[PDB]
Amino acid sequence: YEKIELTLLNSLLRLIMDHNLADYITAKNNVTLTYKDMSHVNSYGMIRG
Amino acid sequence: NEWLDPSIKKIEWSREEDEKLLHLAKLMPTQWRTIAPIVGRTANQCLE
Amino acid sequence: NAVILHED
Amino acid sequence: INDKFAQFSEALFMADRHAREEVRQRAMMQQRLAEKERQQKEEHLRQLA
Amino acid sequence: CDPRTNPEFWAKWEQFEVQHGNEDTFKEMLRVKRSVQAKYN
Amino acid sequence: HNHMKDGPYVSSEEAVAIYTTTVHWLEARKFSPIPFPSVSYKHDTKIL
Amino acid sequence: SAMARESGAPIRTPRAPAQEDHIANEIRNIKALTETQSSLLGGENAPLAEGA
């Protein structure tokens with residue numbers, strides 16, 4: 001899960017489904033993760049939740 | 001974090017910002033939360 | 001030109 | 001950011017284009033072979049009639 | 001120099017662009033004048 | 001931050017090989033890509 | 001001239017090429033690469049407006 005490239009994942013999801021759904025999934029994995037005063041942006045790896 | 005921070009550039013985009021945005025949208029498809037720190041705007045501003 | 005992973 | 005993102009994205013996009021055109025080529029070759037088999041079946045049915 | 005505060009410099013630059021400068025150079029000078037006006041505002 | 005600095009760790013040859021293997025597999029399986037959910041989809045309510 | 005006697009004005013910058021208008025070419029490449037649908041379906045590869 002930790003080592004998933006979002007561009008390659010977007011390419012493979014574009015292979016198996018419509019590009020709008022693939023783009024939605026890939027953009028949904030690229031979000032800001034916050035815990036209390038700690039915050040970063042997930043740009044590499046997979047959001048399992 | 002999206003509007004009221006005055007470290008947000010709230011004017012018309014310069015041209016070099018537009019080539020930066022287009023190149024970054026070419027190399028990172030739909031990763032707008034990643035593109036936006038590099039361009040210098042917010043994710044919604046870059047997407048719009 | 002080699003690839004260095006995060007874990008090494 | 002690193003310059004490997006540009007090469008990665010361009011290589012993925014050209015792989016997508018090459019795969020799509022090769023899928024067209026295989027699809028049209030199979031389609032023409034299907035037409036040839038259909039014509040052979042039509043000739044067989046004409047001879048049997 | 002500000003555009004509204006140094007109109008003589010802008011006039012001299014426009015005269016130099018007329019003496020030596022194309023329409024693209026005139027557009028670049030107009031963009032520079034607009035940038036100077038935005039900086040002065 | 002390390003992924004931003006050191007680039008994508010998957011090389012372009014590796015990604016092209018993975019993508020090509022997936023293309024050849026899904027072509028060999030006669031897979032139909034999943035369409036966008038249509039407005040005239042007759043199963044929207046039960047999935048919802 | 002002295003020993004013989006003793007015996008364009010405007011400069012215009014050329015216009016940048018229309019093919020070097022990089023924003024339009026980049027957007028055309030974006031449309032050629034992004035909105036393309038699955039490669040299993042076939043389809044027309046939108047030609048790249050790359051040029052130079």
# chains A, B, ... in the order shown; residues from 1 in each chain; ligands from 1
call {"tool": "closest_atom_pairs", "arguments": {"of": "chain G", "to": "range 17-41 of chain E", "cutoff": "6 Å", "atoms": "only C-alpha atoms", "output": "Markdown table"}}
result
| residue | atom | partner | partner_atom | distance |
| --- | --- | --- | --- | --- |
| G:10 | CA | E:20 | CA | 4.8 |
| G:11 | CA | E:20 | CA | 4.5 |
| G:12 | CA | E:22 | CA | 4.3 |
| G:13 | CA | E:22 | CA | 5.4 |
call {"tool": "residues_around", "arguments": {"residues": "residue 43 in chain A", "least_positions_apart": "4", "cutoff": "9 Å", "atoms": "only C-alpha atoms", "output": "ChimeraX atom specification"}}
result
/A:5-6,29-32 /B:31,33-34 /F:3-4
call {"tool": "interface_residues", "arguments": {"of": "chain B", "to": "chain F", "cutoff": "12 Å", "atoms": "only C-alpha atoms", "output": "PyMOL selection string"}}
result
chain B and resi 27-28+34-35+37-38
call {"tool": "write_last_selection", "arguments": {"atoms": "N, CA, C and O atoms", "output": "PDB file, in the first residue's frame"}}
result
ATOM      1  N   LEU B  27       2.596  16.364 -15.805  1.00  0.00           N
ATOM      2  CA  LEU B  27       3.407  15.346 -15.148  1.00  0.00           C
ATOM      3  C   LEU B  27       2.699  14.672 -13.981  1.00  0.00           C
ATOM      4  O   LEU B  27       3.046  13.537 -13.638  1.00  0.00           O
ATOM      5  N   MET B  28       1.721  15.336 -13.365  1.00  0.00           N
ATOM      6  CA  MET B  28       0.960  14.782 -12.244  1.00  0.00           C
ATOM      7  C   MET B  28      -0.527  14.914 -12.540  1.00  0.00           C
ATOM      8  O   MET B  28      -1.164  15.897 -12.140  1.00  0.00           O
ATOM      9  N   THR B  34      -0.774  18.025  -4.695  1.00  0.00           N
ATOM     10  CA  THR B  34       0.664  17.969  -4.918  1.00  0.00           C
ATOM     11  C   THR B  34       1.138  19.085  -5.841  1.00  0.00           C
ATOM     12  O   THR B  34       2.203  19.668  -5.610  1.00  0.00           O
ATOM     13  N   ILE B  35       0.357  19.385  -6.882  1.00  0.00           N
ATOM     14  CA  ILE B  35       0.701  20.450  -7.822  1.00  0.00           C
ATOM     15  C   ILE B  35       0.689  21.809  -7.133  1.00  0.00           C
ATOM     16  O   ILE B  35       1.578  22.640  -7.361  1.00  0.00           O
ATOM     17  N   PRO B  37       1.351  23.216  -4.027  1.00  0.00           N
ATOM     18  CA  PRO B  37       2.544  23.817  -3.400  1.00  0.00           C
ATOM     19  C   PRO B  37       3.626  24.223  -4.386  1.00  0.00           C
ATOM     20  O   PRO B  37       4.326  25.215  -4.147  1.00  0.00           O
ATOM     21  N   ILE B  38       3.791  23.485  -5.483  1.00  0.00           N
ATOM     22  CA  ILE B  38       4.857  23.788  -6.431  1.00  0.00           C
ATOM     23  C   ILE B  38       4.514  25.019  -7.265  1.00  0.00           C
ATOM     24  O   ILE B  38       5.382  25.855  -7.536  1.00  0.00           O
TER      25      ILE B  38
END
call {"tool": "atom_distance", "arguments": {"atom1": "CA of residue 47 in chain B", "atom2": "CA of residue 32 in chain B"}}
result
7.0 Å
call {"tool": "closest_atom_pairs", "arguments": {"of": "chain G", "to": "chain F", "cutoff": "8 Å", "atoms": "only C-alpha atoms", "output": "CSV"}}
result
residue,atom,partner,partner_atom,distance
G:38,CA,F:33,CA,7.1
G:39,CA,F:23,CA,7.8
G:40,CA,F:27,CA,6.3
G:41,CA,F:33,CA,7.7
call {"tool": "residues_around", "arguments": {"residues": "range 43-46 of chain G", "least_positions_apart": "2", "cutoff": "10 Å", "atoms": "only C-alpha atoms", "output": "number ranges by chain"}}
result
D: 16-18, 20-21, 23-24; G: 28-29, 31-33, 35-41, 48-49
call {"tool": "interface_residues", "arguments": {"of": "chain B", "to": "chain E", "cutoff": "12 Å", "atoms": "only C-alpha atoms", "output": "PDB file with N, CA, C and O atoms, in the first residue's frame"}}
result
ATOM      1  N   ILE B  11      -4.628  37.419  -7.048  1.00  0.00           N
ATOM      2  CA  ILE B  11      -4.811  38.263  -8.224  1.00  0.00           C
ATOM      3  C   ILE B  11      -4.823  37.386  -9.467  1.00  0.00           C
ATOM      4  O   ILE B  11      -4.791  36.154  -9.372  1.00  0.00           O
ATOM      5  N   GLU B  12      -4.899  38.023 -10.634  1.00  0.00           N
ATOM      6  CA  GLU B  12      -4.812  37.311 -11.900  1.00  0.00           C
ATOM      7  C   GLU B  12      -3.455  36.627 -12.043  1.00  0.00           C
ATOM      8  O   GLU B  12      -2.419  37.176 -11.654  1.00  0.00           O
ATOM      9  N   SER B  14      -0.022  35.199 -13.449  1.00  0.00           N
ATOM     10  CA  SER B  14       0.990  35.528 -14.438  1.00  0.00           C
ATOM     11  C   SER B  14       1.108  34.396 -15.456  1.00  0.00           C
ATOM     12  O   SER B  14       0.596  33.291 -15.255  1.00  0.00           O
TER      13      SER B  14
END
call {"tool": "interface_residues", "arguments": {"of": "chain B", "to": "chain G", "cutoff": "12 Å", "atoms": "only C-alpha atoms", "output": "MDAnalysis selection string"}}
result
chainID B and resid 15:30
